[PDB]
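Remarks on the structure that follows.
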Amino acid sequence: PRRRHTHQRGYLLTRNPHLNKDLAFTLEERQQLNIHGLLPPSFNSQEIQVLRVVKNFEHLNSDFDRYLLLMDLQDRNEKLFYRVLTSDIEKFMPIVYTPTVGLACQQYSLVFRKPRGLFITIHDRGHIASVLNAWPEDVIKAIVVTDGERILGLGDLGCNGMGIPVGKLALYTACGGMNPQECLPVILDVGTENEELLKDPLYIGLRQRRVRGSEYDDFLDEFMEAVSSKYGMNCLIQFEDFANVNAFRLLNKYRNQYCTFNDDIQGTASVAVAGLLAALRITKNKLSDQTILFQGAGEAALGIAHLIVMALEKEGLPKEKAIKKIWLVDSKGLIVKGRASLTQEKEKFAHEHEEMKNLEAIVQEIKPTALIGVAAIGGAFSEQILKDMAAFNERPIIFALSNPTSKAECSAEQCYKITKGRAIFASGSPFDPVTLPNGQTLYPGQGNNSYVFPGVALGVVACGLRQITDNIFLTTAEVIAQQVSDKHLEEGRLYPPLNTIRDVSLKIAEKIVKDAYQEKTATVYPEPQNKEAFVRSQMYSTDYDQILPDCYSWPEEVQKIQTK
Amino acid sequence: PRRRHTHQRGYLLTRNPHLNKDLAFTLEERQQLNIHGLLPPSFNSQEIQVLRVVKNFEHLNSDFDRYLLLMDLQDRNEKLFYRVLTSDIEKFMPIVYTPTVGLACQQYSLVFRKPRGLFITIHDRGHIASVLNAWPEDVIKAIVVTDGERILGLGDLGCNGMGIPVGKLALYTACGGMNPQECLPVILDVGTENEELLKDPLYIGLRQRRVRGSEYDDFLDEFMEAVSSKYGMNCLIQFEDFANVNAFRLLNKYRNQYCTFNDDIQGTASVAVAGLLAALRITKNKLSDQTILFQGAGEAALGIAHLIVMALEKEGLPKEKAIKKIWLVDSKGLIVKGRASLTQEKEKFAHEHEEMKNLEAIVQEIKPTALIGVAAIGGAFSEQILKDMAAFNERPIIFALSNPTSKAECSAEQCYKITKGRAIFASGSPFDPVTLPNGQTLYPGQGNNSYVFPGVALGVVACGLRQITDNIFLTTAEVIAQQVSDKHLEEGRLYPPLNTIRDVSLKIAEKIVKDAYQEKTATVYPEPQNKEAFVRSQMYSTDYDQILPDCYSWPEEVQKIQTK
Amino acid sequence: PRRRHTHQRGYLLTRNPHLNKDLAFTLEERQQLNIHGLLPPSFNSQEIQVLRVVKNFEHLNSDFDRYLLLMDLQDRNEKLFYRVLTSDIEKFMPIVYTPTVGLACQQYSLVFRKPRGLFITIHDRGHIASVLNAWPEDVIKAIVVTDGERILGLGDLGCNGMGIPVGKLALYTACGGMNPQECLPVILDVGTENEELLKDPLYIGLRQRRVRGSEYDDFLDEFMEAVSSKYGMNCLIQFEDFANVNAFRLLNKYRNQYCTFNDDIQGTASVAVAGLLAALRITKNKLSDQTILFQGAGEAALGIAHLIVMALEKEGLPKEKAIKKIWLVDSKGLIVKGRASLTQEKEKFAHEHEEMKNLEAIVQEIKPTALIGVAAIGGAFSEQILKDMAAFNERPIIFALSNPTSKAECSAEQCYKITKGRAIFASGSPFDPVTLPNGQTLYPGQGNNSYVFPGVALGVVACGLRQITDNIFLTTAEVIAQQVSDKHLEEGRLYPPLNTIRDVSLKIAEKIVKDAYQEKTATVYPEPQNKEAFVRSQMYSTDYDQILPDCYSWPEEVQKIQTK
Amino acid sequence: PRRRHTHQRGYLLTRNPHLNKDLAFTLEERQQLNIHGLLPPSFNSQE
Ligand SMILES: NC(=O)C1=CN([C@@H]2O[C@H](COP(=O)(O)OP(=O)(O)OC[C@H]3O[C@@H](n4cnc5c(N)ncnc54)[C@H](OP(=O)(O)O)[C@@H]3O)[C@@H](O)[C@H]2O)C=CC1
Ligand SMILES: NC(=O)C1=CN([C@@H]2O[C@H](COP(=O)(O)OP(=O)(O)OC[C@H]3O[C@@H](n4cnc5c(N)ncnc54)[C@H](OP(=O)(O)O)[C@@H]3O)[C@@H](O)[C@H]2O)C=CC1
Ligand SMILES: NC(=O)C1=CN([C@@H]2O[C@H](COP(=O)(O)OP(=O)(O)OC[C@H]3O[C@@H](n4cnc5c(N)ncnc54)[C@H](OP(=O)(O)O)[C@@H]3O)[C@@H](O)[C@H]2O)C=CC1
Ligand SMILES: [Mn+2]
Ligand SMILES: [Mn+2]
Ligand SMILES: [Mn+2]
């Protein structure tokens, strides 16, 4: 059992969620910590505390209510919170994170109770260092930061966006073993364009429009300097839920000098590629053999596309051959050389070709082996698309990644029905198992970002990686796919079970760490004997620490009170 | 505004519900307190904070949910909690106290989240003083203590009875202006005879049967020494929800030596007598002239009967004559001289008479002018009973005090219908107004303990009364009756409106204070010239204290830094 | 200024020597820190504070009393302490360190007032980690540890030796700008061989003889692990005043794994070599042209000679031929091949020659160009030896490094007299300037270890050097030599003035930093543009930090308290 | 003896002259109060 020898005592100790064990404090602990009397006279194991929380949890009426209970728990007893979450990760993850946290964010100003994380405003420009001083933990190793401009698929929720870093970091700990005491959730509030928040008497954020331009850019620059300067260059800074243009610009500006990544961009690319690589073990061919069409050409599309191209390069295909294997379709139709409304990013995939608008005709023309939906238009993979995909391919790869299911390009039911059970399918949001007329039940998995960010963070931090390369994400994808068993693939699953996520994370971290020592990118020395054991030692446990003073005697001769 | 300069700073300040203002902290406060950045960047007035709480309160679906919300509030921001409560005292009183606190106590072990008050067990015997040391407020002026043996009419709830002192003290503050920082809810856990709880894995108390006899009595003795020793002999100790024999025994043992009362006995007495004194203004006769019949002969009845006797003595009637004006019925029937099953206390009212069992007959024989239900038998005041009462009395006084409504001896509807609108009626649980055939609308009042205890406590503590005499409760009954206007009486109310409870408490306190300095019973000197203003100055306000340091300049010459 | 935002307030703030300004706190600072009233009502500039201290210092009767006064200052107001020291380092250095600290250590148990530093005993074996936890500063970058077995020339002073690490770390700050808050003095008490201490009722250490052997070695291993584990592998650990065999064994065992050095061995080497390199600018010839005779063969001689050999090798000489340039004399006389009583270390200088035991004849035989005294035998450089050195050499280099004065191999007076003014002289202890017969005055300097260790520590920590090589000491010696002007060399000074010592340290650290980036040994990234400005930014100023909260407004619109 | 239960621990406890016993703090007091290591390893009676 770990130590932690606190100087805190009495009432204020019970107010620190990292020290407070509530009823799991033993009589000895209570008396020694000067809190005996502040708790009822029973001693609970952690399991009994978990039963109590779960009894409450079940009598609630909704997931939002269940979220409120769990956030209350987080703010009173951090270890019990994590014990609860880890006790059934697949059940608790969608409560503290997506999709429920979506509603939590929409509702954040109304239900606002106890604050979590640090709020830094445009009006703190020049003072970010001193805002950091307000945070009561000095040793921070991981920051998740948002500006609330692009929350999930809900858009600009300004300061209400604070629900995202808080819940995301809960998953860093629960799924990846990051120390919660070492994690800092951050919102930068530069204003909001959210009309309802601007009108709303209860809104907790700055009641102003967003600050744009170089004032915004300088602010972010100060943010990066203040945080790395205070917590050291090794501190991970993860961007979440910024607007695309911002997310891309900020990632490119900083990635080469700070320990930073953007999960919406790079993590998405990673888990999508993991799924593709897993699928390859069913189609029994190479990435090189694929023709990939993206339904959508936005942040997810370009991120995934980028990473696929490197995977192709890694197979031994030159960049320009690599690129020609990938077609995009945006809201105006296929991306072709010299089409109107193209961006610099879309341009990279604008091959010479007739312009087309109709996705059915696009499918018939391109004949992809892999069709990836990241456009947020529900039902875009029509019956005709699915028949055509199953006609051109023995085992068509079909990813409906748009969330929630009401947005999915197709359902698993339609996908398997129309492709006569031949499709290799993955989704963004959970679909139930599907049983074919031959009595086999297929279990389509989700390309959940959680498979990526926890392990990456743990890896990067454990070995002191100063930079987070594209290769980190490609490597990570290979590790995930590797955890998928032949048995899983045969059941139609392209991702390891969600209930294993702790282990998947461990393996991702193991690999990054192993790699870092081998290519001398690690900064933590001396090099560990055993890389598995070392990563494990860096992982937060849900068991309570001991916090009692270390008490031990000396030989009586030298322990005696001298007199004369 | 009150100035209270805190030395607390940073995170831990926000964790103290006496310091924490939430979003009502100004920018200046936040920066000065080293918490700037721990809150979202909006600044709320107290009225805006209330609105947030009320919106959430109105989204909830049960009184229990409402109770849990307000209790979470109490533990985060005490001032805002009291601001919410006092915003609509009549609405909020039944949520934080009775009847809702009844369910809270049944569910206490299940919903246990953030502890409140001080738990002292039989096993801390000989160490009570060191248990007290855990309480983070040194200055304590009021204590409510239970052993949980008799929580409401719910029986032995042992350690689950902590809901009662906590909720009771909330009303001390809300209704009487007692400073919550100076209030200490206590449970003594000596075990429980509650069998579900002894079996309940979640039970927060000592999983054992109650300690009885002299070990119990000695423990209580230590409690009174430790408490009076630490907080001084002026600290008010109120007993609540003890079993019958204990309640009387403890009250009798200590009331002469400590500043102590029992509210189930003496407060009930005071509020019942107040309703009688008010009724007398309708029946236009003396207390002398009354014949009182109690349905029930427990804590309530015996307390009420004692104070009526004391009132009769005041008017000038000898004690043995006063006693003969009062008859009691227990579960065994009428209390008469030389009946089987008589406690020492019931003996005092056993007059020579034929034994009787049936309440209808008893009423027909005794022909009371006033009939008081304190037996918790619902519907005991049958049509025949009421008919009888209206037959022998021009204006029969009828108190149906049993709680809740289901246990009331009759409804207001029944009582008025069957007595042809003639009865003077009061109850323990609220009934809607009744409009009679003659176009009169009557508004039957509730004999709420809340009219009494907050004012008594405020008064006693304000002037430093060392003992709480019978006289205090009688004068209190008088003060309460005085706040009833003839308009009220003509409307059939025997109590002031509930929404004026703060004003009632002040008048009660004013009276106690004036009396104590008159009869030199006060211990707080020098005597204030203006007792009204002095009491008011002792009342807690729901406005935020200023906690920032006192900043002010000195003349230039003496403020300057000395160099050369 | 520099900003250090504390959460401490009220009395306890004044008790923290890093926060306390005493009378230099402004009225604003006082009111804001909740300490207004705890100080008399005058506001002093730091200079006024210094004037008060120095007046007190000048009225005292002994250097011992002055030491106690300054040590009392250190423990009340750290910044003022350092301000005082640095106002006249030549004056104050000999009070807080040698020779006064020698007497302090002899008297430590008698005068023990307020503790300084951390005490770790053999009896804490297995629990050193938890002893570290008592230290109130979490961020430690420099540790000075002794076991007290060889304090100065006063032998084994056991626990009383704690005065050495305290006084040494004062010089690290005063002379080199190490942050004292980041410094940790440590005594390891494994017992003492000092019989008078063992007998003394007041002795503050373990009343037992020294644990030897594997138990000792394992204890030291845990210490290294515990300290490097808590404070990190970049934390500088400097050994001081261990017995010889221990000092060497420990240094060799750890120098390749930990960021460690031993100042008695390696710092002595560096400063002595610096003096030699400076002398070469008078003799105007090369190091390889010298013949060096050591009076003594102890820790100092072996260490100095080792570094001379390296400097010769650098100039271009193979090792075996450089060794030939150095002759050692011990208590059994000259070291020569096959001789009785030879340690393996002496063996390295055991050349082919006949045994001799008379220093005078040894001189006459060897005809050294350089005579280095480190044998502690007062007066060993006799008039005859001084005549011989003057006869064989135009400018004989003569170092009487033995400490204090009474142990010097010769005085400045005698050296200059008998060598008729041509000796190039330096000592370990200060001698007054010497007026020669021709009325010119020479100013022999001191080979004071303070020229070396402050700058080495500053440099190593600034760039995060993980190991401290012999080259560091050689380079450092060169840098110090470079700081000596020609004019100084003509005044008989081999060392830069003590009053520039901060500047010397800065130069030394600049050089270490410049080299560490050049040769890819630095661990602090990114690489700074200006090494000079970088090092200087890391140096602790004696100017008071600002500790008030950072207060600043927001535009009126967003700072406004919101209502309805 | 009289008992005064302090919530103060570690370095700052030693800076309170009503709490601080110097070398009269026993090894157990020192370890309990999180000050073990801040004093030399001998225990003094008041005399
Ligand atoms: N791990 C997962 O499960 C993840 C799933 N996703 C899902 O992917 C979807 C897209 O996300 P993201 O890339 O961030 O969103 P963006 O807004 O960046 O991308 C939207 C893209 O869809 C395009 N589009 C809109 N209508 C059509 C249409 N009718 N036909 C073709 N393309 C169309 C837009 O076109 P234009 O460029 O012309 O506007 C744009 O290219 C979301 O539903 C998100 O939930 C995202 C990340 C992770
Ligand atoms: N201000 C208010 O609203 C207050 C209301 N009350 C109400 O009064 C009621 C009694 O409270 P309390 O006095 O504390 O309770 P106790 O339990 O102390 O007394 C109950 C009495 O009722 C008697 N009783 C039981 N059954 C019958 C029966 N069938 N016929 C006649 N008498 C019977 C019991 O008889 P025995 O002695 O034989 O057991 C006992 O004397 C409760 O319902 C309570 O809510 C109380 C205080 C204040
Ligand atoms: N910067 C400075 O000014 C420094 C000065 N010094 C000074 O140098 C002196 C030596 O210190 P250190 O080397 O640590 O001490 P040690 O005790 O390690 O070495 C002393 C040496 O003197 C030898 N010796 C003893 N008697 C004689 C003799 N009659 N003739 C010749 N040699 C003799 C001893 O011989 P054996 O091996 O036979 O015992 C031993 O070699 C001390 O006075 C110290 O103050 C030291 C470090 C730094
Ligand atoms: Mn996101
Ligand atoms: Mn009660
Ligand atoms: Mn030394």
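Computation of the quantities below employed the complete heavy-atom set of this structure, encompassing side-chain atoms and omitting hydrogens, waters and symmetry-equivalent molecules. Residue numbering restarts at 1 for every chain, and letters A, B, ... go by the order of the sequence lines.
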Portion of A/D138 that has a non-hydrogen atom of chain C nearer than 4.5 angstrom: neither
Is the count of non-hydrogen atoms from other residues, nucleotides or ligands lying under 6.0 Å from A/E519 atom CD greater than 12? yes
Determine the option with the most heavy-atom pairs under 4.5 angstrom with chain C, choosing from A/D124, A/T523, A/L206. A/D124
Would you indicate whether A/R536, at its atom CZ, is surrounded by more than 12 heavy atoms from other residues, nucleotides or ligands within a distance under 6.0 Å? no
Step through the shown structure and confirm whether more than 12 heavy atoms of other residues, nucleotides or ligands are within 6.0 Å of CD on C/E137. yes
CD/A/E28: more than 12 non-hydrogen atoms of other groups inside 6.0 Å: no
C/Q546, CD: over 12 other non-hydrogen atoms inside 6.0 angstrom: yes
Can you establish whether the number of heavy atoms outside A/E527 located under 6.0 Å from its atom CD is more than 12? yes
Contact origin within A/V131 toward chain C - heavy atom pairs under 4.5 Å: side chain
If you count heavy-atom pairs under 4.5 Å with chain C, which of A/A129, A/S130, A/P549 comes out on top? A/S130
List in chain and number order the residues that pass side-chain hydrogen bond (donor to acceptor under 3.5 Å, both in side chains) with A/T14, two or more places apart in sequence or in another chain; answer none if no residue qualifies. none
Toward chain A, the part of C/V524 with a non-hydrogen atom under 4.5 Å: neither
Is it the case that over 12 heavy atoms from other parts of the model lie below 6.0 angstrom from the CZ atom of A/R113? yes
Among residues 551-564 of chain A, which residues come closer than 4.5 Å to chain C, judged by heavy atom distances? A/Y552, A/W554, A/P555, A/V558, A/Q562
Counting neighbours of CZ on A/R212 that are heavy atoms of other residues, nucleotides or ligands and sit closer than 6.0 Å, is the number greater than 12? yes
Most chain A-contacting option - heavy-atom pairs closer than 4.5 Å, from C/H7, C/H127, C/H5, C/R3: C/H127
